[PDB]
Structures are given as structure tokens and as C-alpha cells.
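S.K.: This structure is in C-alpha cells; I'll ask about it shortly.
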Amino acid sequence: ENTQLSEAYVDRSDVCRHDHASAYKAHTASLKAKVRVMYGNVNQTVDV
Amino acid sequence: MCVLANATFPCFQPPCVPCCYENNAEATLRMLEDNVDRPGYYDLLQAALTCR
Amino acid sequence: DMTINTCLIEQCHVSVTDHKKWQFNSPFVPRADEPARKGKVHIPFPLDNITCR
Ligand SMILES: *[C@@H]1O[C@H](CO)[C@@H](O[C@@H]2O[C@H](CO)[C@@H](O[C@@H]3O[C@H](CO)[C@@H](O)[C@H](O)[C@@H]3O)[C@H](O)[C@H]2NC(C)=O)[C@H](O)[C@H]1NC(C)=O
Ligand SMILES: *[C@@H]1O[C@H](CO)[C@@H](O[C@@H]2O[C@H](CO)[C@@H](O[C@@H]3O[C@H](CO)[C@@H](O)[C@H](O)[C@@H]3O)[C@H](O)[C@H]2NC(C)=O)[C@H](O)[C@H]1NC(C)=O
């Protein structure tokens, strides 16, 4: 005349903040560039 | 923050100072076992288990 | 010590209660009371960054 209570559940791991994957939606790309312009006696590179 | 029956004392200073475990081991353990959900659990633990 | 003077061995039990000491929450040892008590101990050796050659 005895009884056992069995219990279990699941959790996020101890190091989930160091080793995890991210699922994204990506849209509307925007490109930067870096261009070097020279003429006369000016060199010099700008980021646009 | 931490509570002992009806004490509600700051966790840095328990009412068992000094030698909480040396004076009463079982009472100290029961003291800790019911503040596990209290965010001041670890400093309470540090206070309960230190004395020279 | 205690003496019964009445019956045989195969009727009484020794069940040491001991207490005073936290053990562990291990699936191979039972609980003593249902809603449980639970504690918290910090385990050593955390995970960190290095570089390999
Ligand atoms: C406009 O400016 C850029 C950067 O200041 C000039 O490019 C640079 O030119 C010099 C001279 O050739 C390079 O120095 C040499 O590089 C070689 C690479 O191996 C090295 O072996 C030499 O010892 C020396 O360091 C420099 O690396 C180079 N920099 C870059 C980012 O390319 C360019 O010549 C200028 N344009 C004009 C028209 O003056
Ligand atoms: C080993 O190095 C990596 C890279 O630096 C560590 O990952 C970094 O972990 C920190 C946590 O301290 C992250 O900071 C977080 O930033 C967000 C904002 O972006 C903030 O909201 C959080 O509260 C937290 O402070 C950091 O983002 C993350 N680096 C990257 C690129 O995501 C790692 O923790 C180091 N240790 C290990 C792996 O044990």
C-alpha cells in the first residue's frame, strides 16, 4: 500500500546566453561604401 | 527583506549573529529553505554561514 | 537505548532521521515531504573564453 509521484519538466540550458541560434526576418538592405577620390593634388578616402 | 516567521529583517543582518549554524544548525537550514524565491537569498546565505 | 521485552526483531524498525545537513536533489533518493524545501548552492568552474592554437 504505497505510491510514488514521478515528476519531470524541461528548461533552457545553463549556457544558453553563450551558445544559441537566432531566427530573423531580413528585408530592405542598405549599402554603405568607402570610396577613394583623387584629382589635382588631393588624395583622400571618404565613407558614404 | 528576508523573513523569519514574523520578523521581516534585512538580509545582511540576520537575528542569529553570530555563529548561526554553530548555535543551531537545523534552525538555520529551515531559515534558508523558505527564502529560495527571495532575491536576497545569497546574501542571507552568506550571513547565515560565517563566523570566527 | 531501548528495550521492548515483548516481541521479536521482525516487527520494529530503525529509520535514522539525522537531519541537520542538506544532501542533494537526486532522482535516486526520495523526498521526505511533498511540496519540498529546496535550497541553492553555487557550483564552481564557470564557463569562459580563451584562444586555441
Ligand atoms: C593615396 O593614398 C594612398 C594611401 O595613403 C596611397 O597608397 C599607398 O602608397 C604607398 C606607396 O606605394 C604604399 O606604401 C608601400 O606599400 C608597400 C606594400 O607592400 C610596402 O611594401 C612599402 O614598404 C610601402 O609601405 C602604401 O601601402 C599605400 N597605401 C594603401 C592604403 O594603398 C596612394 O599611393 C596615394 N595616391 C597618390 C596618387 O598619391
Ligand atoms: C565570451 O565572449 C563572447 C563575446 O564577447 C561573450 O558573448 C557576449 O556576452 C555578453 C554578456 O556579458 C553579451 O552582452 C549582452 O549585451 C546585450 C546587448 O546586446 C545586453 O542586453 C545584455 O544584457 C548583455 O550585456 C554580448 O552581447 C555577447 N557578445 C555577442 C557578440 O553577442 C561571452 O559571454 C563570453 N563568455 C563566455 C562565452 O563564456
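In the C-alpha cells, the first chain shown is A, the next is B, and so on; residue numbers restart at 1 for each chain, and ligands run from 1 in the order shown.
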Any residue with an atom at most 9 Å from ligand 1 counts, using only C-alpha atoms and all ligand atoms. Which are they? Put them as a VMD selection string.
M.R.: chain A and resid 36 to 39 41 to 45
S.K.: List all protein, DNA and RNA residues that have at least one atom no more than 9 Å from any atom of ligand 2, counting only C-alpha atoms and all ligand atoms, and write them as a list in words.
M.R.: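 My answer, listing the contacting residues, is residues 15, 17, 18 and 19 of chain A; 46, 47, 48, 49 and 50 of chain C.
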S.K.: If we count only C-alpha atoms, which residues of chain A reach to within 10 Å of chain C? Please list them as a PyMOL selection string.
M.R.: chain A and resi 4-7+14-15+18
S.K.: Convert the current residue selection to file output with N, CA and C atoms, as a short mmCIF file (atom, residue, chain, number, x, y, z; two decimals), in the first residue's frame.
M.R.:
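Once written, again_34.cif looks like this:
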data_model
loop_
_atom_site.label_atom_id
_atom_site.label_comp_id
_atom_site.auth_asym_id
_atom_site.auth_seq_id
_atom_site.Cartn_x
_atom_site.Cartn_y
_atom_site.Cartn_z
N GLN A 4 4.16 6.21 -5.55
CA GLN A 4 5.23 7.10 -5.98
C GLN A 4 4.71 8.19 -6.90
N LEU A 5 5.18 9.41 -6.68
CA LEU A 5 4.87 10.57 -7.50
C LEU A 5 6.08 10.88 -8.37
N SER A 6 5.93 10.72 -9.68
CA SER A 6 7.00 10.99 -10.63
C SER A 6 6.72 12.30 -11.34
N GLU A 7 7.75 13.14 -11.44
CA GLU A 7 7.60 14.49 -11.95
C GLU A 7 8.82 14.87 -12.78
N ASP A 14 21.98 25.90 -19.12
CA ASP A 14 22.71 26.80 -18.25
C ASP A 14 23.51 27.84 -19.04
N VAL A 15 23.87 27.53 -20.28
CA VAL A 15 24.74 28.41 -21.05
C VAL A 15 24.06 28.90 -22.32
N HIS A 18 25.31 32.01 -24.12
CA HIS A 18 26.62 31.96 -24.76
C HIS A 18 26.62 31.19 -26.07
#
S.K.: Identify every residue of chain C that has at least one atom within 8 Å of any atom of chain B, counting only C-alpha atoms, and report the result as number ranges by chain.
M.R.: C: 19-22, 37-40
S.K.: I need the chosen residues saved as a PDB file, in the first residue's frame, with C-alpha atoms.
M.R.:
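See out.pdb below for the written result:
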ATOM      1  CA  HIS C  19      18.755  15.883   9.580  1.00  0.00           C
ATOM      2  CA  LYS C  20      20.968  18.961  10.217  1.00  0.00           C
ATOM      3  CA  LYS C  21      22.545  18.716   6.744  1.00  0.00           C
ATOM      4  CA  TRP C  22      21.424  19.410   3.166  1.00  0.00           C
ATOM      5  CA  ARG C  37      12.050  22.597   0.659  1.00  0.00           C
ATOM      6  CA  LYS C  38      14.820  23.173  -1.919  1.00  0.00           C
ATOM      7  CA  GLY C  39      17.979  25.214  -1.462  1.00  0.00           C
ATOM      8  CA  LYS C  40      20.642  26.785  -3.658  1.00  0.00           C
TER       9      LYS C  40
END
S.K.: Using the chain letters and numbers from this document, which residues of chain A does DSSP assign to strand (DSSP E), as a list in words?
M.R.: residues 34, 35, 36, 45, 46 and 47 of chain A
S.K.: Which residues in chain B does DSSP call alpha helix (DSSP H)? List them as a ChimeraX atom specification.
M.R.: /B:20-23,25-33,41-48
S.K.: Go ahead and save the residues from that selection, with C-alpha atoms, as a PDB file, in the first residue's frame.
M.R.:
ATOM      1  CA  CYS B  20      24.078  30.957  13.207  1.00  0.00           C
ATOM      2  CA  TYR B  21      24.985  27.418  12.163  1.00  0.00           C
ATOM      3  CA  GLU B  22      27.142  26.676  15.208  1.00  0.00           C
ATOM      4  CA  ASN B  23      24.360  27.638  17.626  1.00  0.00           C
ATOM      5  CA  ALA B  25      22.202  24.023  12.526  1.00  0.00           C
ATOM      6  CA  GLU B  26      18.674  22.749  11.897  1.00  0.00           C
ATOM      7  CA  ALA B  27      17.033  26.119  12.552  1.00  0.00           C
ATOM      8  CA  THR B  28      19.448  27.813  10.149  1.00  0.00           C
ATOM      9  CA  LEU B  29      18.650  25.283   7.431  1.00  0.00           C
ATOM     10  CA  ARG B  30      14.905  25.766   7.911  1.00  0.00           C
ATOM     11  CA  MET B  31      15.611  29.515   7.825  1.00  0.00           C
ATOM     12  CA  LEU B  32      17.209  29.202   4.389  1.00  0.00           C
ATOM     13  CA  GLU B  33      14.783  26.636   2.919  1.00  0.00           C
ATOM     14  CA  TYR B  41      18.831  34.557  -0.873  1.00  0.00           C
ATOM     15  CA  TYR B  42      22.585  34.505  -1.463  1.00  0.00           C
ATOM     16  CA  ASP B  43      23.492  37.350   0.887  1.00  0.00           C
ATOM     17  CA  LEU B  44      21.255  35.721   3.505  1.00  0.00           C
ATOM     18  CA  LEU B  45      23.201  32.509   2.859  1.00  0.00           C
ATOM     19  CA  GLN B  46      26.496  34.373   3.266  1.00  0.00           C
ATOM     20  CA  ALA B  47      25.295  35.875   6.547  1.00  0.00           C
ATOM     21  CA  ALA B  48      23.977  32.605   7.989  1.00  0.00           C
TER      22      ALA B  48
END
